[PDB]
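If you read the sequence from its start, that first residue is 1, and numbering goes on from there. First listed ligand is number 1; within each ligand, the first listed atom is number 1.
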Amino acid sequence: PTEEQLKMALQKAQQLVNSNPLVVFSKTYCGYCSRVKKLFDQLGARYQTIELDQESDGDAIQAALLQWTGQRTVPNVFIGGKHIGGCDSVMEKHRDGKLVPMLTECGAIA
Ligand SMILES: N[C@@H](CCC(=O)N[C@@H](CS)C(=O)NCC(=O)O)C(=O)O
């Protein structure tokens with residue numbers, strides 16, 4: 001990715017995060033992505049999925065997410081504009097009772 005491509009990809013990722021209470025940066029056949037989506041489904045939370053493998057600038061987006069979050073893998077979850085992390089991170093928040101209130105606070109759960 002060129003520096004302009006990384007910049008454009010970051011802007012794209014930020015706009016998605018800004019315009020969705022819950023965002024799941026994903027890949028279509030990632031088992032961990034499927035797990036987190038299933039959890040959110042069952043919690044009644046609406047999310048925007050973005051499948052990097054189906055985006056033309058998916059590599060640039062993954063590079064931008066690394067720069068932005070230090071994370072190299074999908075799923076890469078944001079809630080209310082804030083970085084959550086991967087499947088494990090989301091499961092951790094579900095485990096300590098913080099996830100539903102976070103999801104409610106930002107509108108992801110009505
Ligand atoms: N501990 C991480 C593991 C996630 C993970 O390993 N994701 C794989 C996809 S199955 C990945 O992103 N591999 C590198 C890639 O596909 O870019 C989590 O719970 O989210």
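Between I61 atom CD1 and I50 atom CD1 the span is 7.5 Å, to the nearest 0.5 Å.
Between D41 and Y47, the side chains place a donor N or O and an acceptor N or O closer than 3.5 Å (distance only, hydrogens not considered). When only modelled atom types and interatomic distance are considered, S26 and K37 share a side-chain donor-acceptor pair under 3.5 Å.
Here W68 and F78 bring their ring centres to under 6.0 angstrom of each other.
The contact set between ligand 1 and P75, taken as ligand atoms under 4.0 Å from a residue heavy atom, comprises 20 (O).
Scanning the protein for heavy atoms near atom 10 (S) of ligand 1, the closest one is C30 SG, 3.1 Å. When only non-hydrogen protein atoms are considered, atom 2 (C) of ligand 1 lies nearest to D88 OD2, 3.3 Å. Among protein heavy atoms, atom 20 (O) of ligand 1 sits closest to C87 N, 2.8 Å. The closest protein non-hydrogen atom to atom 17 (O) of ligand 1 is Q62 NE2, 2.8 Å. Here the heavy atom of the protein found nearest to atom 7 (N) of ligand 1 is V74 O, 2.7 Å.
Residue contacts with ligand 1: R35 is excluded, as none of its non-hydrogen atoms falls under 4.0 Å.
With a 4.0 Å cut-off on non-hydrogen atoms, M91 does not touch ligand 1 at all.
The shortest N or O to N or O distance between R72 and ligand 1 is not under 3.5 Å. Remark: ligand 1 and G86 share no N or O pair separated by less than 3.5 Å (distance only, no angle test). Residue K27 has at least one N or O atom closer than 3.5 Å to an N or O atom of ligand 1. The distance criterion of under 3.5 Å between nitrogen or oxygen atoms is not met by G31 with respect to ligand 1. In terms of polar-atom proximity, defined here as any N/O pair under 3.5 Å, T73 makes no such contact with ligand 1.
Salt bridge status for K12 with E55: present, with a side-chain N to carboxylate O gap under 4.0 Å.
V36 and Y32 fall into different hydrophobic clusters, where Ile, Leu, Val, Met, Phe, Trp and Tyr residues are linked whenever their side-chain heavy atoms come under 4.5 Å apart, directly or through other members. In terms of hydrophobic clustering, with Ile, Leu, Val, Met, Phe, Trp and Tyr side chains grouped at heavy-atom distances under 4.5 Å, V24 and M91 are assigned to a common cluster. Cluster membership check: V17 does not share its hydrophobic cluster with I79, using side-chain heavy-atom separations under 4.5 Å among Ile, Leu, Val, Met, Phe, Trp and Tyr.
Between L22 and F40 the shortest side-chain heavy-atom distance falls below 4.5 Å.
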